[PDB]
Amino acid sequence: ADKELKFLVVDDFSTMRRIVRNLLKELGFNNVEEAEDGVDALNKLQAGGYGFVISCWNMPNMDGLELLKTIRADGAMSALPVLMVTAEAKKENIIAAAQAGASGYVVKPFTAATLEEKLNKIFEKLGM
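Just remember that PDB author numbering sits 1 ahead of the position in the sequence shown, which is counted from 1.
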């Protein structure tokens, strides 16, 4: 993969965003920006040049699922990789995400090695 891939880390918890950003940094992905909700994420993706989205499932105003659905329906970003992050694995959330086209899903807290594994599988899957 391209270590310069521009990531957008979405979560209403700044601590959670910080974690994710540091784990990416640990894997050598330094190009990272943050969004506090689905709306903010879309405003940012509309600026352009993003290559990957890592989004929390639960956020006020526009949750991860709605954001994901919006991205997938967007002509220009319809295939942007979207990894969903959740603190609780629920069979239904997983299925719902898959179906809406989530690139992957991970339960937090996770380590850089777990993240790496998820990212590599999506990169490959997307022949990235």
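C-beta atoms are modelled at their ideal positions from N, C-alpha and C, and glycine is treated no differently.
Would you call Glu35 buried or exposed, if buried means 16 or more other Cβ atoms sit within 10 Å of its Cβ?
By the 16-neighbour rule on beta-carbons within 10 angstroms, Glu35 is buried.
State the Cα-Cα distance for the pair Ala103 and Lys91, rounded to the nearest angstrom.
Taking the straight line from one Cα to the other gives about 15 Å.
From the DSSP output, which residues share a beta bridge with residue 130?
In the structure as shown, the chain begins at 2 and stops at 129. Residue 130 is therefore absent and cannot be evaluated.
Relative to the C-alpha of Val21, which residue among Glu125, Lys122 and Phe111 is closest?
With distances taken between Cα atoms, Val21 lies closest to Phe111.
I believe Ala88 touches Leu24 by the beta-carbon criterion, under 8 Å. Please report the beta-carbon distance rounded to the nearest angstrom.
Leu24 and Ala88 do not touch by the CB rule: their CB atoms are close to 16 Å apart, not below 8 Å.
Check whether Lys109 and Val86 have beta carbons under 7 Å apart
Result yes, Cβ atoms of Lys109 and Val86 sit closer than 7 Å.
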